[PDB]
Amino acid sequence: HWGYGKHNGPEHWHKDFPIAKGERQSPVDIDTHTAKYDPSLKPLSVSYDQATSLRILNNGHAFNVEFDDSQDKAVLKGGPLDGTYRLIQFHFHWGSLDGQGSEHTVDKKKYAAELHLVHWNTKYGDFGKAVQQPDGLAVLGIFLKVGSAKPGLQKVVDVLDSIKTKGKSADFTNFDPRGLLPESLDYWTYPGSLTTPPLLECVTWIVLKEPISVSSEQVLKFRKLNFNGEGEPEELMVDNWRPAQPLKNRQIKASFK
């Protein structure tokens, strides 16, 4: 029953998920002046050429574009990571207004939305196992600002009318997630958590410095989705973001000077 409403939103989650008040919760504010360049950080290796998208699902909290992760087909390596992380899904968090929607903030700036490409550490065998480990997941976070359209996002936007409500899914094959990346792979990185229940502290966060731009029409279509199931009172899927959590005993590292 957790959600993003007045009565079940982020400030309530701790009652069912006590880890909500844990030592490495996400998202966080990225204070760019305090983040330290780490010369020992490697370039990110994003290898998405062999990606196999399968399906798009409205899960009542966001929509997931899901990939075949039964083989090393689309993987993230390098950067802060040891080993190989397989792409399982991507999704977004977004606002009711262009001035909010991102989970991470940059010097307190909120972006219109945030893309999360979720990967799991292959040494743990599958995703369910991986989320139980402190280095189980790597989530690549990419900010969205409103300006010019992102041509690579349009295929996602156009299928949304077919998954308007919670529990709806649609075939979604041959989608290339490379079309969602910015030019630069400069990043910040820190140890954190899932940003929704179960809020497990299993994520190495890698957040790209360069946002992608999407059009107002593209984000407007995100905002036409529903949190509710079909035949239930319409509640627009908007503001499905958790606010910044205390940094506590963590340092944010930068890949760039």
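For every residue, the number given is its place in the sequence shown, counted from 1.
Averaged over their C-alpha atoms, the temperature factors of 32-40 and 190-198 are higher for 32-40. For the pair 226-234 and 60-68, the record assigns the higher mean C-alpha temperature factor to 226-234. Among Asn121, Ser162, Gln89, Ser102, the highest C-alpha B-factor in the deposited entry belongs to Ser162. Note on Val203, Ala51, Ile206, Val214: the highest value goes to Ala51, judged by CA B factor as recorded. In the PDB entry, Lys166 places in the middle third of its chain by CA B-factor.
Ranked against the other modelled residues of its chain, the C-alpha B-factor of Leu153 as given in the entry falls in the middle third. Placement of the Cα temperature factor of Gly95 within the chain: lowest third of the modelled residues, per the deposited record.
In the deposited entry, the Cα temperature factor of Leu181 places it in the middle third of its chain's modelled residues.
Sort the chain's modelled residues by C-alpha temperature factor and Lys73 lands in the highest third, per the entry.
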